[PDB]
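Same chain, two forms, each on its own as structure tokens: structure 1, then structure 2.
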Structure 1
């Protein structure tokens, strides 16, 4: 049994409407982790138990170099805790906001690692549904670590469908903004939005009002900077195709279509998964408690069953 007192609570890494992520240190080992804390009362009241259990299950049953791994998963009388591996390098959102735009080669590196992770998730019958810059982290070496498995759906093989209206507004696929069901191709749209942000310096569609934003995602055509390479324009047009059946990765071969696109011609896919490629940026952290790659809005803040049966976990590593 793992308790709350087995850890030291240092500083806040991130905060959402439904949870907090704190940098913790295990007293017995001296090792640093990121603990996601969720309140049971908020989850039960909003009827989000199924999604929270799935988040734990996906974290328990996944093992990939570009996916954040789970060390422990425990619960108290009022809280649910996920003890994950700490991504020292912060969000891709932090780096892109600072640098405004990435080179096509830098975006290709991150893109290749995200494709590798999504191929793995899809092979395990899992659809991620929340690809966004805030959910894409960098580890101490500069490799991608996908975090936040809160909206994942299990048991989705081949052309199987999902019905839950969920995701992040600015990243929603056109088919999700339509009635009825949708397939796994929503993850490729998400990849398209992050690749667009990395290479063009902005979201493909934006408006502060959700109603106007949804109209843009469904009706507006994407624009490209004149200087963007033809292979990058082709990748973005393919990943951001409104019809999931016409989308790159939307066909029966899924990830293979994205992997074989001319934009990724220079990529050896086995070298990607085996971490053989040199990262275009290595986080300049001086210690394991150095949070220079996390926003000051969060780090400066002070930090003072039968239903959840498939929640608990202790890792083999």
Structure 2
């Protein structure tokens, strides 16, 4: 049975209206985890559900305990640094690079949607890299919100919004900026809903096909909003060189390899 006293405090990873996430070290194993702490007072789609859903690119929930007035979920912390950090350093990624990350993400969501689970949070901030350069969908915000249009209009969080999530995340990695990075900001509601998303000219006709598909303002017409769900996305022109079995297998070679010795190498824990 884990407990508060089993860990050492390192840093604040994120706060919120739900609670906070802390970086800690299990004193026994010396390992590093991210302790998500929730006020019982404030408050189940994250608990149990996300606790038993294991998967190569989804963050694993190591221990789950509770204090007298808070819920604690100790989770595995990827130490390859967050994508956002990496993307900003390179301004943009190779259409292959995007393709790479996109596929591991697409693998994570095919799995989730199969367990009838809608992620809701596919977005750059929630993306890190493990010590081998593989992607890790983290459960928290380490930025203008880009809620799916059907979320903005009908508060409908169906399977589809994860694809949009993918889409917005993949419009950034390859384009280096959000679809409306310039235009004011209070205009997103109107923009995301009624504004055609423009694509750089320097885009491979397939990538431009993908983005357009992942960003259809109609979930019913979105690439992946089809009754076949992920298949549509796994089978899009942009994803040919894709060996979907190698992905879940952590077989593909990470195109960029974070610079850490062991998972205890705590360098990506600053800025």
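Numbering follows the first chain given and starts at 1. Just so we're on the same page, rigid core means the largest C-alpha set that superposes within 1.5 Å between forms.
Comparing the two forms between structure 1 and structure 2 on the rigid core, the single residue of 180, 246, 123, 103 with a CA shift of 2 Å or greater is 180. Residue displacement note: residue 273 has its CA displaced by under 2 Å between structure 1 and structure 2 (rigid core superposed).
In this overlay on the rigid core, residue 211 has a C-alpha that sits 2 Å or more away from its partner position between structure 1 and structure 2. After superposition on the rigid core, the Cα atom of residue 37 is displaced by 2 Å or more between structure 1 and structure 2.
With both forms fitted on their core, the C-alpha atom of residue 58 sits 2.5 Å from where it sits in the other form; this compares the forms between structure 1 and structure 2.
Fit the two forms on the rigid core and the C-alpha of residue 76 turns out 1.7 Å off between structure 1 and structure 2.
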